[PDB]
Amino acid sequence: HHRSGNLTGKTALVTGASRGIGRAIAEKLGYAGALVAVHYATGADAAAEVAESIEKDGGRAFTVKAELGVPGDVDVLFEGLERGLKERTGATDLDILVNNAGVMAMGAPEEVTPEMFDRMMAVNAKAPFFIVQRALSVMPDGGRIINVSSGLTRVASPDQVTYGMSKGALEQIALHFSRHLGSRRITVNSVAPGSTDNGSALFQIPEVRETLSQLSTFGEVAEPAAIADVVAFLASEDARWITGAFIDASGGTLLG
């Protein structure tokens, strides 16, 4: 059985869609009718469960494996993407791109090594750029690019400086590419979540779930669905006049 919505007929790639925010994004886009390529690095069982969840709810989805931040990453990602799309649609067209996959590594600024710096930049900033560069060859007019940033680009947090740097680089993609792609009517935007419960063990550290909840003006951490809802909107026809924007989905974390 197939369910129809505002994205029926469209195709989407959500990077790191096996858990947390990316999972909720994929589910929401699939629910809306988009054929969703559910990307992962090593969590294939989690990805399959997301893809199945979409398919069971009457949507369409498949999984693609790609380790990002290593040589040949984009090549591997697009080989699997295009194959799955061509198989299911008879074409390689990609309408919606969500750059969600990312890494974090807390620590004192004095302990950051060049290797740690390289990894952060490689996964959070370089890969999103080259994924965008590659998607342009297969993205039709009226397409969508959404990059998942962080409110940590607007709040000083010494233990997260490397991560903030990476996301501040990522935010520059929306600015410069929105102008580049204007005549093709492809919108490029950044969405900045605040603290969001991704399920991970480090959110179940009892000295962490506190203070994080105090960041938001609402006094809670976000559910991933709250962020997914914003991304789904940006991917839609209703967000056609928004491009090159920084979209604050932090639940009032950026209030100073």
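Numbering starts at 1 and follows the sequence shown.
Taking only CA atoms, the mean B-factor in the PDB entry is higher for 76 to 84 than for the other of 76 to 84 and 165 to 173.
Annotation for 228 to 236 versus 6 to 14: the higher mean temperature factor (C-alpha) is found in 6 to 14.
Looking only at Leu152, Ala122, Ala105, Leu97, the residue with the top Cα B factor in the deposited structure is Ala105. Taking the deposited Cα B-factors for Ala41, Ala37, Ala34, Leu202, the highest one is held by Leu202. Annotation for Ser213: CA B-factor lies in the highest third of the chain's modelled residues. Among the modelled residues of its chain, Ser190 has a C-alpha B-factor that falls in the lowest third, as given in the PDB entry. Ranked by C-alpha B-factor against the other modelled residues of its chain, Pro128 falls in the lowest third.
Annotation for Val221: CA B-factor lies in the highest third of the chain's modelled residues.
Among all modelled residues in this chain, the alpha-carbon of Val70 has a temperature factor (C-alpha) in the highest third.
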